[PDB]
Amino acid sequence: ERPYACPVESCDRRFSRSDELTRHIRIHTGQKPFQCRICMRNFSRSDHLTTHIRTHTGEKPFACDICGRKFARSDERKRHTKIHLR
DNA sequence: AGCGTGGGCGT
DNA sequence: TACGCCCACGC
Ligand SMILES: [Zn+2]
Ligand SMILES: [Zn+2]
Ligand SMILES: [Zn+2]
C-alpha cells in the first residue's frame, strides 16, 4: 500500500493518504501558510502555529497529575510525568 | 527545559 | 481537502 509517493527527485517518502503527501510536499516547496500575528513567523502547519502562540501568551493547558506543574503541550507534560517514577 | 516540526491518524 | 490531536525526534 501507500500509493501516494513524493515525486521530488531525491525523495523516497510514500504515504497512505493523499493529504499526507500534500502536507509533506510543503517541505520541498517551503510553503509556510500559517503566520503568527504576534511575531510574524511563518509555519508549515496550523497545529504547530497554535502551540507556538502559547510561547507568547504563556497559556499552559496541561497539568501534571502528580504535582500540578503546567505545560504548553501535551507531550511536554508526558515527558515530565515520568520523572515521578522511583 | 522549551519548543520547532514531520508522520500517522480520526474526524 | 481541512483541522487538530498524539506521537516522536531533534536541538
Ligand atoms: Zn518528498
Ligand atoms: Zn509568534
Ligand atoms: Zn509532575
Side-chain angles (χ1 to χ4, degrees), chain A residues 2-9 11 14-86:
Chain A
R2 300 176 159 205
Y4 301 96
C6 184
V8 173
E9 301 81 18
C11 192
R14 335 189 78 251
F15 306 89
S16 301
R17 270 163 54 168
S18 194
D19 56 306
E20 279 192 285
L21 175 57
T22 296
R23 181 174 66 181
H24 160 77
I25 213 174
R26 295 181 179 122
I27 298 168
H28 303 295
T29 62
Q31 191 199 7
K32 288 183 180 193
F34 307 98
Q35 189 169 75
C36 179
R37 312 154 55 108
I38 298 168
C39 72
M40 300 307 159
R41 182 173 183 161
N42 300 301
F43 295 86
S44 60
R45 287 175 41 169
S46 67
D47 53 314
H48 296 332
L49 168 59
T50 298
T51 58
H52 164 78
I53 292 162
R54 303 188 180 139
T55 71
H56 301 304
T57 63
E59 189 190 10
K60 291 182 183 184
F62 304 98
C64 175
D65 285 335
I66 302 293
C67 75
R69 180 167 183 171
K70 303 176 175 170
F71 297 89
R73 305 202 318 228
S74 65
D75 61 296
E76 283 177 87
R77 173 176 67 187
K78 179 183 284 189
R79 182 176 75 173
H80 165 85
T81 302
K82 64 173 141 172
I83 76 173
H84 298 299
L85 298 183
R86 68 137 178 196

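All chains are named by letter (A, B, ...) in the order of the sequence lines, taking the proteins before the strands, and each is independently numbered beginning at 1. Note: hydrogens, waters and symmetry copies are ignored here, and every other heavy atom, side chains too, is used.
- Of the possible donor and acceptor atoms, one in the side chain of A/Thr50 sits under 3.5 Å from a partner among the backbone N and O of A/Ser46.
- Considering every non-hydrogen atom in both A/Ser44 and A/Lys32, the closest pair reads N-CG, 3.9 Å.
- With hydrogens and angles ignored, the 3.5 Å screen pairs no side-chain donor or acceptor of A/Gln35 with any backbone N or O of A/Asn42.
- One distance of note links CZ of A/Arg23 with CZ of A/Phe15; it measures 8.0 Å at 0.5 Å rounding.
- Scanning both residues, A/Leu21 and A/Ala5, for their nearest heavy atoms gives CD2-O, 3.5 Å.
- Cluster partners of A/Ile66, using a side-chain heavy-atom cutoff of under 4.5 Å among ILVMFWY residues and allowing indirect links: none.
- A side chain to side chain donor-acceptor pair (under 3.5 Å) check over residues 59-70 of chain A, counting only residues at least two apart or in different chains, returns the pairs A/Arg54-A/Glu59.
- Listed by chain and number, the residues in a ring-ring contact (aromatic ring centres under 6.0 Å, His included) with A/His48 amount to none (sequence neighbours excluded).
- Residues meeting the side chain to side chain donor-acceptor pair (under 3.5 Å) test with A/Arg73, sequence neighbours left out: A/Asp75.
- Among all heavy-atom pairs drawn from A/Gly68 and A/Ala63, the shortest one is O-CB, 3.9 Å.
- When the salt bridge (charged side-chain N to carboxylate O under 4.0 Å, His left out) test is applied to A/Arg77, no partner is found at least two apart in sequence or on another chain.
- Grouping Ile, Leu, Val, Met, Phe, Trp and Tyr residues whose side-chain heavy atoms lie under 4.5 Å apart, directly or via other members, places A/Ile38 in a hydrophobic cluster with A/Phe34, A/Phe43, A/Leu49, A/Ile53.
- Considering A/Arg2, A/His24, A/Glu20 in turn, A/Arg2 is the only one that fulfils the side chain to side chain contact (heavy atoms under 4.5 Å, CB included) rule with A/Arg14.
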